[PDB]
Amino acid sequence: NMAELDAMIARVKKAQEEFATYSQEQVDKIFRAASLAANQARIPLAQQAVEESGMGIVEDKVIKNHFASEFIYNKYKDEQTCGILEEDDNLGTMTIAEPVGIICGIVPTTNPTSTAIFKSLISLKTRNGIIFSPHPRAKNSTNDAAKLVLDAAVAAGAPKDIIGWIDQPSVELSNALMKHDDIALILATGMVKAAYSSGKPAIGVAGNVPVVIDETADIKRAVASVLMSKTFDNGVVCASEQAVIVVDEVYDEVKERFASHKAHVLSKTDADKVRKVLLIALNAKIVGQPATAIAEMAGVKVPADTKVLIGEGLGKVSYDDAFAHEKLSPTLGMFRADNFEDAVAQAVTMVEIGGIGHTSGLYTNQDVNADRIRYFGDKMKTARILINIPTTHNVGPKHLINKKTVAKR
């Protein structure tokens, strides 16, 4: 509630102030102890996450947790985040680190535990406080993830309230935490929009990813490549390919190949029963569900061993086509293109859905289409451009400190 939010915030403020003065050695001891404990809990937390949210796959969520813990630990074990980062005694200058203070972490339904572990460990490493604003749908997964890391932290010497959370999440409390004066940064992983509209320094962490397969591509490789992501944690991953935009001459060959990967191409009529279930705004009930259960939410009989649903668009890429949108599930759109340039044009449109200009992909004969690649590179407004490569082929400590420069006469 509104009142007890303030009291919890002022606790972590003072706890951060105590934390700020710590030695790198105590920071390191806490970091390792918090990370080793999160890793050792990879399975229990993954299991808890699956059951509460009611989506995804334990074994894949176990992998997610191991990455957010041991992998983060090994990347930043030796990264300097405190004190003098640079000196030049001749110029009489130096750069000094400064923790940002208190972080506000927005955690989604989609990766409740791994994102909490990740943000917790990188806050601890940088002498920050962090407060989690979980999604109702996975409140306990993330807060118990936060708690496990807290308790391991407190036991290696960390201040009592260096991490907290909103126990019962609301729109009032999320907005209270965000616009609060002593919260310095938003780490936000639509909900992106709220963070950027709050007056705060914000880092937003998804986006719509199109894939163009042109006439010169290796069809068998492109098709397997594009499919790699869709089944991992039931397609719950941020950078992933949402639709295939295929040049006419190679269209049918792409469509036929899907079937040897257990990707079921939905008839026109069965695609419309899925398309009415994907969107209403993305429907939370399909998010991170297997292809077979999404089909059974729709009207659609699909073979038992199917891993992915393919819904092909009549007409071009259109806002009205839900298969043209980000689906967070084992689903892909498939859209027909007159030629390479047309497919590029259709990709541009998918990118505009999302506002987020994240990543795009092209499958083509590299050896002979250098012009096309450069063309593709000049026309995609996405930070990452992938050629013949899937998205499964970056917030860090450095973002949660301030560099202060000191100049002496």
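All residue numbers are counted from 1 along the displayed sequence.
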property: Size class of the missing deposited segment between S229 and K230; result: none
property: 196 to 204 set against 304 to 312, stretch whose average Cα temperature factor tops the other in the entry; result: 196 to 204
property: Which of 214 to 222 and 283 to 291 has higher mean CA B factor, as the PDB entry lists it; result: 283 to 291
property: Most elevated Cα B-factor in the entry, residues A116, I166, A259, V244; result: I166
property: Identity of residue with top Cα B-factor, from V344, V27, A38, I63; result: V27
property: Where the record places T109 (Cα B-factor, split into thirds across the chain); result: middle
property: Third of chain Cα B-factors occupied by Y319; result: highest
property: Third assignment of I102 from its chain's C-alpha B-factors; result: middle
property: Relative C-alpha B-factor of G354, binned into the chain's lowest, middle or highest third; result: highest
property: Chain-wide C-alpha B factor ranking for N394, given as lowest, middle or highest third; result: middle
